[PDB]
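What follows is calculated from the coordinates using simple rules that are stated; it is not laboratory data. Backbone-built Cβ (ideal geometry, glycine too); neighbour counts: all protein chains shown.
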Protein chains: 2
Amino acid sequence: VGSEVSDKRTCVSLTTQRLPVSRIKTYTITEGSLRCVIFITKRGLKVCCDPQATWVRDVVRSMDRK
Amino acid sequence: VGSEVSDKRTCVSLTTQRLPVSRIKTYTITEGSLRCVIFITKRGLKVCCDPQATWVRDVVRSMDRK
């Protein structure tokens with residue numbers, strides 16, 4: 001959520017229950033080059049599948065040899 | 001049988017994306033005393049959390065090898 005609503009990621013957040021969870025944990029699903037992140041919260045869950053969509057050449061990484 | 005039906009599989013579902021998935025799979029979360037079942041589909045995601053209440057006898061799912 002922010003002061004802009006255009007392109008975040010394709011994530012959906014569904015609110016269910018109000019029962020406490022052990023910890024707000026995130027699960028990553030990786031199937032067929034598809035990532036999915038699940039946020040378990042005490043008021044709902046966020047599930048966000050990403051087919052490496054945001055994976056562009058940003059920043060440009062280069063590992064220092066050693 | 002009729003219009004009386006407040007009982008349903010209490011799962012929250014949203015349809016997002018349209019990319020084919022490797023397998024419509026389910027991940028079952030068990031954190032604390034909370035169970036959750038996540039359906040990955042090629043056009044949506046179903047997250048069904050169960051704090052151990054939706055225990056009905058049907059479906060009969062042999063655990064698809066995660």
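Alpha-carbon geometry of the protein assembly as shown: the Rg and the Dmax are 17.5, 71 Å, given in that order. Label-point spacing for residue B:43 across the identical copies (point 7 Å from Cα in the Cβ direction), in nm and ascending order: 3.3. Stick to Cα atoms and the Kirkwood definition of Rh, then tell me Rg/Rh for chain B. Ratio of gyration radius to Kirkwood radius for chain B: 1.01. Under 28 Å of direct C-alpha separation, and excluding same-chain neighbours fewer than eight residues apart, residue A:42 reaches these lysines: A:8, A:25, B:8, B:25, B:42, B:46, B:66. Distances, shortest first, from the label point of residue B:60 to those at the same position in the other copies read 6.1 nm; the point lies 7 Å along Cα to C-beta. Springs join every pair of Cα atoms under 10 Å in this Gaussian network model of chain B, and among B:30, B:15, B:54 the largest mean-square fluctuation is at B:15. Copy-to-copy label distances for residue A:15, where each label lies 7 Å from Cα along Cα-to-Cβ, are 2.4 nm in order of increasing length. Legend: calculated FRET efficiency, residue A:55 to residue A:23, from the Cβ-Cβ distance at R0 = 30 Å, rounded to 0.05, equals 0.60.
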